[PDB]
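*Asks:* Got a structure here, written out as structure tokens. Questions coming.
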Amino acid sequence: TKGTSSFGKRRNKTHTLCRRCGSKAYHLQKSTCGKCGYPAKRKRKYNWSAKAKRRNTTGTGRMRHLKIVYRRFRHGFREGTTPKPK
Amino acid sequence: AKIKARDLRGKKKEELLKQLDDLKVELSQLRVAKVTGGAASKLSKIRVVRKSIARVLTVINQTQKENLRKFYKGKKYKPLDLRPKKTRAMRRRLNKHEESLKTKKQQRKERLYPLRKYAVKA
Amino acid sequence: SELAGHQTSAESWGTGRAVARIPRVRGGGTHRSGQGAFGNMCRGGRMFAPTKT
Amino acid sequence: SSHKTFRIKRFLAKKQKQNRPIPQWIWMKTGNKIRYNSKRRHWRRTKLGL
Amino acid sequence: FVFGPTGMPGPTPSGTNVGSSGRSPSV
Amino acid sequence: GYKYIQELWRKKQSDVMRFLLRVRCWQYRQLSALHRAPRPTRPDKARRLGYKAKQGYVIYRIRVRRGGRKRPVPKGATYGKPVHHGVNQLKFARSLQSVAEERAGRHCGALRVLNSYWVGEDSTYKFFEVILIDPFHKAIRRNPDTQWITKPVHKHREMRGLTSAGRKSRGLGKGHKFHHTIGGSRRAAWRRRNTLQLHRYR
Amino acid sequence: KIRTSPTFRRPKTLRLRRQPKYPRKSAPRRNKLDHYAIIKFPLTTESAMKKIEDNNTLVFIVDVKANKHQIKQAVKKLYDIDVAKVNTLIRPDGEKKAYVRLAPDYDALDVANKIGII
RNA sequence: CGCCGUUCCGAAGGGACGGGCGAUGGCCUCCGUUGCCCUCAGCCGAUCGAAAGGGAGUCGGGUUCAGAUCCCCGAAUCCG
RNA sequence: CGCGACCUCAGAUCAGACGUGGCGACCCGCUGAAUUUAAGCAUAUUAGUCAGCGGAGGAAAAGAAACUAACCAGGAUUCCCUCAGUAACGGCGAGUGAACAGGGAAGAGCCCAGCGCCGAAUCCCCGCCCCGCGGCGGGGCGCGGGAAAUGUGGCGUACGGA
Ligand SMILES: [Mg+2]
Ligand SMILES: [Mg+2]
Ligand SMILES: [Mg+2]
Ligand SMILES: [Mg+2]
Ligand SMILES: [Mg+2]
Ligand SMILES: [Mg+2]
Ligand SMILES: [Mg+2]
Ligand SMILES: [Mg+2]
Ligand SMILES: [Mg+2]
Ligand SMILES: [Mg+2]
Ligand SMILES: [Mg+2]
Ligand SMILES: [Mg+2]
Ligand SMILES: [Mg+2]
Ligand SMILES: [Mg+2]
Ligand SMILES: [Mg+2]
Ligand SMILES: [Mg+2]
Ligand SMILES: [Mg+2]
Ligand SMILES: [Mg+2]
Ligand SMILES: [Mg+2]
Ligand SMILES: [Mg+2]
Ligand SMILES: [Mg+2]
Ligand SMILES: [Mg+2]
Ligand SMILES: [Mg+2]
Ligand SMILES: [Mg+2]
Ligand SMILES: [Mg+2]
Ligand SMILES: [Mg+2]
Ligand SMILES: [Zn+2]
Numbered sequence: 002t003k004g005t006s007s008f009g010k011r012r013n014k015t016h017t018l019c020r021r022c023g024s025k026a027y028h029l030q031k032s033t034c035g036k037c038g039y040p041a042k043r044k045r046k047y048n049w050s051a052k053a054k055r056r057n058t059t060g061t062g063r064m065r066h067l068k069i070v071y072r073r074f075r076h077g078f079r080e081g082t083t084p085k086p087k
Numbered sequence: 002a003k004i005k006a007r008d009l010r011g012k013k014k015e016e017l018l019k020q021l022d023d024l025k026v027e028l029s030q031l032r033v034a035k036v037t038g039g040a041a042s043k044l045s046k047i048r049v050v051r052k053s054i055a056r057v058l059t060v061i062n063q064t065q066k067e068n069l070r071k072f073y074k075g076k077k078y079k080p081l082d083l084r085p086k087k088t089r090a091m092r093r094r095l096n097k098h099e100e101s102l103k104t105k106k107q108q109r110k111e112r113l114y115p116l117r118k119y120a121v122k123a
Numbered sequence: 055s056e057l058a059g060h061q062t063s064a065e066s067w068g069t070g071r072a073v074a075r076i077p078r079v080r081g082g083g084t085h086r087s088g089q090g091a092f093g094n095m096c097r098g099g100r101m102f103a104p105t106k107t
Numbered sequence: 002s003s004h005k006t007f008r009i010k011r012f013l014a015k016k017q018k019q020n021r022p023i024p025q026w027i028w029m030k031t032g033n034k035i036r037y038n039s040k041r042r043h044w045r046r047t048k049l050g051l
Numbered sequence: 038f039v040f041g042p043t044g045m046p047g048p049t050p051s052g053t054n055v056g057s058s059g060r061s062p063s064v
Numbered sequence: 002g004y005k006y007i008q009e010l011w012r013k014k015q016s017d018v019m020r021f022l023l024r025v026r027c028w029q030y031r032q033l034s035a036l037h038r039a040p041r042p043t044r045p046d047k048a049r050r051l052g053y054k055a056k057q058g059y060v061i062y063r064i065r066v067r068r069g070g071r072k073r074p075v076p077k078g079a080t081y082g083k084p085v086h087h088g089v090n091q092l093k094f095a096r097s098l099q100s101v102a103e104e105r106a107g108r109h110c111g112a113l114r115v116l117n118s119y120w121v122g123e124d125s126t127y128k129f130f131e132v133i134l135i136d137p138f139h140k141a142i143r144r145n146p147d148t149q150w151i152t153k154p155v156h157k158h159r160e161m162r163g164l165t166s167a168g169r170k171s172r173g174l175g176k177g178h179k180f181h182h183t184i185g186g187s188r189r190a191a192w193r194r195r196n197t198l199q200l201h202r203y204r
Numbered sequence: 039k040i041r042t043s044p045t046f047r048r049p050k051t052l053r054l055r056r057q058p059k060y061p062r063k064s065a066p067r068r069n070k071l072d073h074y075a076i077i078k079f080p081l082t083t084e085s086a087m088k089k090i091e092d093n094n095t096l097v098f099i100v101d102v103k104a105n106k107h108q109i110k111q112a113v114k115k116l117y118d119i120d121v122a123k124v125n126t127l128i129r130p131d132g133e134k135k136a137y138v139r140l141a142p143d144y145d146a147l148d149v150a151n152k153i154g155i156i
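Sequences listed follow chains j, h, C, l, B, N and X, in order. Numbers in PDB author numbering are just positions in the first sequence, counted from 1, shifted up by 1. Numbers in PDB author numbering are just positions in the second sequence, counted from 1, shifted up by 1. Numbers in PDB author numbering are just positions in the third sequence, counted from 1, shifted up by 54. Numbers in PDB author numbering are just positions in the fourth sequence, counted from 1, shifted up by 1. Numbers in PDB author numbering are just positions in the fifth sequence, counted from 1, shifted up by 37. Using PDB author numbering, the letters of the sixth sequence map in sequence onto residues 2, 4 to 204. Numbers in PDB author numbering are just positions in the seventh sequence, counted from 1, shifted up by 38.
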């Protein structure tokens with residue numbers, strides 16, 4: 002009865018999609034995420050999982066502002082200028 | 002007619018917003034032709050008009066921003082958009098004058114004991 | 055590499071099970087599930103006495 | 002259920018629009034390897050997480 | 038114009054079940 | 002002048019200074035645990051520790067509970083070898099003054115800690131005063147005698163143990179007594195002693 | 039001035055209004071939910087052609103962030119047709135279908151004839 | 001890092017009528033506006049917590065290949 | 001009663017700034033094991049190491065002796081060779097374990113409080129004038145406002161200094 006019989010009672014979910022990390026680990030009762038600790042300001046990450054870090058690091062996403070900072074760097078972040086016109 | 006961004010810079014704000022409000026109607030009529038079924042000559046003009054609208058709104062925002070940073074050209078406080086945006090640590094430095102500042106004790110040491118240029122005989 | 059062959063988590067199943075007692079990959083609904091993880095004999099796995107620098 | 006939320010109806014909508022085969026004109030391209038769509042999903046077998 | 042085939046995925050089954058019902062007590 | 007208040011604040015066992023240190027400690031014991039002071043309680047000790055009476059310099063008074071560091075573990079039960087069954091009589095490796103400078107340096111994270119000093123104590127509390135500098139004022143930015151504190155290297159001097167009260171806890175110094183911190187720190191000594199130099203030619 | 043109540047309540051002081059010395063953002067951001075972006079295209083399905091023909095309505099795939107008020111006031115700008123009522127619903131596809139029912143005198147079949155869908 | 005704590009070591013109300021002062025828009029008549037005092041004010045703890053608890057107010061008939069107390073027709077109803 | 005100071009303390013969507021979170025190979029501050037070794041094990045060892053927490057920079061930390069020495073004396077810090085598997089520690093068991101000198105890479109010094117001297121001789125802020133103007137400054141005005149005598153600036157710091 003601890004097995005196939007009591008696998009039917011599973012109908013109300015514990016977690017939902019966290020809004021900070023988009024993973025299905027937001028404990029609805031504890032009101033905190035198990036993947037990033039969303040209500041806490043600091044993203045949670047431990048060294049004892051060398052691999053769970055490589056899934057969420059500055060390279061894993063779009064870097065929509067870093068891939069441009071890395072380009073504006075090759076010229077000391079010049080500003081307010083344009084090439085000489087034709 | 003190929004709408005280039007060059008001949009858009011002399012026109013006036015309302016002589017630009019009339020072109021915008023005409024291109025958006027040409028879009029609406031093309032997104033309608035797409036669903037009613039139209040010739041590819043029309044379907045392929047969507048990429049042409051979406052980019053004509055892009056060129057227009059680009060010249061509008063560029064002239065408006067140039068006018069803004071001219072209006073605040075000599076003022077002390079200016080909008081955080083016109084303030085020079087570099088890296089946060091590069092904006093939180095010391096000025097070139099605070100860097101180039103010296104205490105009266107070191108303006109006196111540098112003066113009384115300058116670094117002399119010399120050589121030695123071998 | 056010094057991490058090669060060890061980037062998994064795998065513990066032996068133990069006696070019983072009619073399996074050869076080598077460590078095996080944990081659970082999962084995939085090919086690489088209970089498949090033999092470390093040791094030079096296993097696919098994937100670490101080479102014997104990894105060459106050092 | 003039938004008492005969805007908006008964030009979920011929208012995530013199911015995305016999971017509906019990702020569930021169609023590759024256009025047939027797309028493996029006559031030049032630098033091509035995709036024989037078919039392998040990221041497909043059937044509502045019966047694989048259960049979308051959630 | 039060459040049409041195409043199809044393909045459907047499925048979870049990989051892992052064999053770990055052990056009933057261990059049989060008992061042979063002989064002290 | 004300051005040399006009178008200095009030699010006065012050394013007779014803390016006297017009558018006047020045991021009355022003052024007691025009314026001060028009573029009044030401090032009634033305010034909050036971390037509150038801003040209007041002006042430096044000890045103006046001399048503050049000058050000696052670097053407090054110029056000009057805009058930007060801030061004084062926070064802060065109280066800390068005296069006593070050692072009971073080990074944070076369940077009831078008793080520090081599971082390990084009898085060596086580490088100690089919970090009660092343990093001591094903390096950072097002075098209570100270094101804990102005051104970082105409870106101020108964290109509660110107000112914009113300001114940079116310079117130093118701190120002792121203004122009273124009782125059986126259950128020690129009261130310090132932390133000399134915080136506002137590193138984005140122009141009285142500090144332009145004055146070149148003190149624009150070192152405004153560089154990003156000196157963020158949270160007390161979280162990195164660079165203040166006076168902190169530096170007193172890292173056992174650094176020159177001599178035959180401070181051999182285990184030759185190099186940067188105790189861990190930069192430990193690294194070089196516990197590091198195997200493997201030349202190319204051996 | 040005697041203390042009539044034994045509760046010292048904080049006295050109300052004066053509160054000024056923001057008189058900034060410079061606006062933070064230079065220019066007001068243009069309204070990206072224009073009357074044109076708020077209506078993408080119509081539907082030409084026999085589920086909506088019976089609405090046009092019989093119910094004298096139209097079926098637009100409007101932007102999802104659009105109210106029934108923005109829709110009403112955005113068909114009364116692009117098409118100049120007074121509107122009886124608007125009934126929106128978000129499809130499983132994700133877009134927001136909108137059934138706009140025209141005033142009694144205005145004829146849907148003859149305002150869809152104009153704009154193209156017929 | 002944070003935890004404890006939920007009325008407990010707290011200057012915890014930005015509100016109202018009337019009056020007085022001040023300004024404003026117009027049948028500048030007479031109301032309305034907002035500035036300043038005067039007078040008056042308890043609370044009891046920010047906020048969250050139920051698609052089965054509490055919770056104003058819609059029913060008939062027709063219609064689709066799939067939607068109807070939701071669309072059409074016809075009768076009402078609550079709140080502002 | 002009122003008035004006006006000062007101290008202490010609140011309230012602002014008050015004018016203008018600042019912090020927060022991420023990364024983390026290297027670095028700084030704390031916290032801190034147990035596998036294992038001892039052919040058992042409890043001190044020791046593993047190890048101030050893994051995990052844990054906080055904080056940075058392009059390097060960090062350290063740094064111009066309350067030093068080493070006992071010489072015919074050396075002279076900030078950091079780094080390498082060497083001292084040295086040494087002195088020493090240790091159920092003196094297992095094991096652990098530096099420094100000085102010397103040769104090199106590099107090479108650089110300084111600054112306050114205090115004590116005195118000077119009419120606060122000093123600093124921040126707003127308004128206007130001209131420039132500079134994309135690292136918010138220079139010069140001029142303001143019986144303009146503040147900070148500061150509960151101490152600002154100049155000389156000056158142990159090599160002595162006035
Ligand atoms: Mg539950
Ligand atoms: Mg962290
Ligand atoms: Mg000086
Ligand atoms: Mg391999
Ligand atoms: Mg199933
Ligand atoms: Mg320790
Ligand atoms: Mg000591
Ligand atoms: Mg609620
Ligand atoms: Mg309910
Ligand atoms: Mg109910
Ligand atoms: Mg403000
Ligand atoms: Mg043993
Ligand atoms: Mg053994
Ligand atoms: Mg054993
Ligand atoms: Mg031990
Ligand atoms: Mg660690
Ligand atoms: Mg940080
Ligand atoms: Mg950096
Ligand atoms: Mg440094
Ligand atoms: Mg030396
Ligand atoms: Mg030897
Ligand atoms: Mg050791
Ligand atoms: Mg030496
Ligand atoms: Mg040399
Ligand atoms: Mg002086
Ligand atoms: Mg010295
Ligand atoms: Zn999360």
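Quick reminder that beta carbons are idealized off the backbone N, C-alpha and C, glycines included.
1) In whole angstroms, what separates the C-alpha of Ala40/h from that of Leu31/h?
2) For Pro154/N, name the three-state secondary structure that DSSP assigns.
3) Grouping DSSP H, G and I as helix and E and B as strand, with all else coil, what is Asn93/X?
4) Quick check: does the Cβ of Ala58/C come within less than 8 angstroms of any heavy atom belonging to ligand 4?
5) Per DSSP, what kind of secondary structure is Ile142/N in: helix, strand or coil?
6) Taking a contact to mean a Cβ-Cβ separation below 9 angstroms, would you say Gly99/C touches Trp67/C in this structure?
7) So, is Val113/X buried or exposed, given that buried needs 16 or more other C-beta atoms within 10 angstroms?
8) Quick one: using the 10 Å Cβ neighbour count with 16 as the cut-off for buried, is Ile135/N buried or exposed?
9) If distances are taken between C-alpha atoms only, which option among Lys63/X, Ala104/X, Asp92/X, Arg68/X comes closest to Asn125/X?
10) Give me, in chain order, the residues of the same chain whose beta-carbon lies closer than 8 angstroms to that of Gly93/C; leave out the 5 immediate sequence neighbours on both sides.
11) Can you give me the C-alpha to C-alpha distance between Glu56/C and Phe38/B, rounded to a whole angstrom?
12) Compare the C-beta of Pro42/B against all C-beta atoms of chain C and say whether one is closer than 9 angstroms.
13) With distances taken from CA atoms, which of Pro76/N, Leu22/N, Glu104/N, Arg204/N is nearest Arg44/N?
14) On the three-pair Cβ rule with 8 angstroms, is the segment 113-122 of chain N touching the segment 47-57 of chain N?
15) Taking the continuous beta strand (DSSP E) assigned at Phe79/X, which residues delimit it?
16) When you compare the CB positions of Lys110/X and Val138/X, do they come within less than 9 angstroms of one another, or not?
17) Got a sec: does ligand 5 put a non-hydrogen atom nearer than 8 angstroms to the Cβ of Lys31/j?
18) Quick check: what's the CA-CA separation for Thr5/j versus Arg11/j?
19) Would you check whether ligand 16 has a heavy atom nearer than 8 angstroms to the C-beta of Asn196/N?
20) For the beta strand (DSSP E) that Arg139/X lies in, which residues bound it at each end?
21) I need the boundaries of the beta strand (DSSP E) containing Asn117/N, first residue and last residue.
22) Does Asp72/X get closer than 9 angstroms to chain h when you measure Cβ to Cβ?
23) Rank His182/N, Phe138/N, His87/N by C-alpha distance to the C-alpha of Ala112/N and give the top, closest one.
24) Output the distance between the C-alpha atoms of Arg71/C and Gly52/B, rounded to the nearest integer angstrom.
25) Check the Cβ of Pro46/B against every Cβ in chain l and list those closer than 9 angstroms, keeping chain order.
26) Kindly indicate which residue of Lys170/N, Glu9/N, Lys176/N, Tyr127/N has the alpha-carbon position closest to the one of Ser97/N.
27) So, does the CB of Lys97/h fall closer than 9 angstroms to a CB anywhere in chain X?
28) Could you give the residue range of the beta strand (DSSP E) that holds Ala41/h?
29) How about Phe130/N and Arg26/N: do their beta carbons lie closer than 9 angstroms?
30) Going by DSSP, which residues form a beta bridge with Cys34/j?
31) What three-state label does DSSP hand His107/X in the structure shown?
*Replies:* For this structure:
1) About 11 angstroms.
2) DSSP places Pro154/N in the helix class (H, G or I) of the three-state scheme.
3) Reduced to three states, the DSSP call for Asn93/X is helix.
4) Within the cutoff, so yes.
5) Assigned with DSSP and collapsed to three states, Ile142/N falls in helix.
6) At least 9 angstroms separates the beta-carbon of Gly99/C from that of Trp67/C.
7) Label assigned to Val113/X: buried.
8) Using a 10 angstroms sphere on the CB of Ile135/N, the tally of other CB atoms reaches 16 or more, which defines it as buried.
9) With respect to the C-alpha of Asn125/X, the residue from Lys63/X, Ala104/X, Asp92/X, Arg68/X having the closest C-alpha is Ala104/X.
10) Answer for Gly93/C: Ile76, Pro77, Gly99, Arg100, listed in chain order.
11) So the alpha carbons of these two residues sit roughly 51 angstroms apart.
12) No, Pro42/B lies away from the interface with chain C (no Cβ there is under 9 angstroms from its Cβ).
13) Looking at the Cα atoms, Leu22/N is the closest of the given residues.
14) Taking 8 angstroms as the limit for Cβ pairs, the verdict is that the segment 47-57 of chain N does touch the segment 113-122 of chain N.
15) Note, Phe79/X: beta strand (DSSP E), 77-80.
16) Yes. Within cutoff.
17) If you check the C-beta of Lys31/j against ligand 5, you find no heavy atom less than 8 angstroms away.
18) Whole-angstrom Cα-Cα distance: 11 angstroms.
19) No - ligand 16 has no heavy atom lying nearer than 8 angstroms to the Cβ of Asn196/N.
20) That run of the beta strand (DSSP E) goes 134-140.
21) Counting along the chain, the unbroken beta strand (DSSP E) around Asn117/N starts and ends at 114-123.
22) Interface flag for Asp72/X against chain h is set, since a Cβ pair is found closer than 9 angstroms.
23) Selected option, being the one with the closest Cα: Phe138/N.
24) Going by the C-alpha atoms only, they are around 10 angstroms apart.
25) Within chain l, the residues placing a beta-carbon under 9 angstroms from that of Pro46/B are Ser39, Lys40, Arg41, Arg42, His43, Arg46, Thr47, ordered along the chain.
26) Looking at the Cα atoms, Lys170/N is the closest of the given residues.
27) At a cut-off of 9 angstroms between C-beta atoms, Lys97/h does not count as an interface residue with respect to chain X.
28) It is not in any beta strand (DSSP E) - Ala41/h instead sits in the alpha helix (DSSP H) that spans 41-44.
29) In this structure, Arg26/N does not lie closer than 9 angstroms to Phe130/N by Cβ.
30) For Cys34/j, which the question treats as bridged, DSSP gives the partners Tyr27/j.
31) Three-state DSSP puts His107/X in a helix.
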